[PDB]
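what's the 3D shape of this:
(one chain, ligands or ions: 1)
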Amino acid sequence: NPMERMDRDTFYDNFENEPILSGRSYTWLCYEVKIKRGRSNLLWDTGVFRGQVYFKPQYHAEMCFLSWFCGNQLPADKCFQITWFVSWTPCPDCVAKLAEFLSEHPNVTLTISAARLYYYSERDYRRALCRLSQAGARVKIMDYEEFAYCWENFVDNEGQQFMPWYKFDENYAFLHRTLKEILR
Ligand SMILES: [Zn+2]
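Numbering: from 1, shown residues only. Next up is the structure itself:
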């Protein structure tokens, strides 16, 4: 149901960290599921989901992931560390489902590293990601090391190197400052 990797064209088209970006109607979600216990850190599952940014939340990458995880990684007692590399942050409805999921599964931790911020409404801007962070999720902007890590593991790079966008650095700086404001 998830793929192993996306092709290079897809990665470049969807993970460019322009704060204002039109036409990227999908969310791509790269995940690593690890069994984590202090210094032990076992890679357990990896893959890629694609979903819609809009339409009903059943079509969203985050619910694609959650439905797969509950059906295929649970039931289990392990301590899971879930890492996402996402092209957009989650919509407010998926924030609510993810926050509820985390509150009911204290053995799961989630980190979301995003290429871009979802365009939140006035009401959701200082609420949605704040609620998710308060439920214990770590929400951050994807930095260069994470883009390179994604190129290596979630892209059919076929030997090529990751070539970052010319505005990468100032885009990152603007996004990091905006998220800091969103989270207090
Ligand atoms: Zn959603």
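
how about the residues of this protein by the ion?
Residues of the chain found near the ion (C-beta under 5 Å from the ion) are 57, 60, 91, 94. All C-beta spots, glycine's among them, are computed from the backbone N, C-alpha and C.

reformat these as a markdown table; add distance to residue 39 and neighbour count.
What follows is the residues of the chain next to the ion, written out as a markdown table (distance: C-beta to C-beta, whole Å; neighbours: other C-beta atoms under 10 Å):
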| residue | distance to residue 39 | neighbour count |
| --- | --- | --- |
| 57 | 37 | 17 |
| 60 | 35 | 25 |
| 91 | 36 | 22 |
| 94 | 32 | 22 |
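
now, among those residues, which is nearest to residue 26?
Residue 26 lies nearest to residue 60 out of those, by C-beta to C-beta, at 9.9 Å.

chain neighbours aside, what residue packs nearest to the closest one?
Using C-beta to C-beta, 6 or more residues apart in numbering and skipping the chain neighbours, the partner closest in space to residue 60 is residue 51 (4.5 Å).

what does residue 101 give?
Per C-beta to C-beta, 6+ apart, closest to residue 101 is residue 66, 6.3 Å.

wait, isn't that neighbour in contact with residue 97?
Yes: counting by C-beta atoms under 8 Å, residue 66 touches residue 97, with 6.6 Å between them.

can you pull the buried residues of the longest helix out of those in the chain?
The single longest helix within the chain, with elements called by DSSP state H, is helix 168-182. Buried positions in helix 168-182, judged by neighbour count with 16 or more other C-beta atoms under 10 Å: 168, 171, 172, 174, 175, 179, 182.

what's near enough to touch the fourth one?
When you say that, I think you mean residue 174. Residues in contact with residue 174 (C-beta atoms under 8 Å, 6 or more residues apart in numbering) are residue 19.
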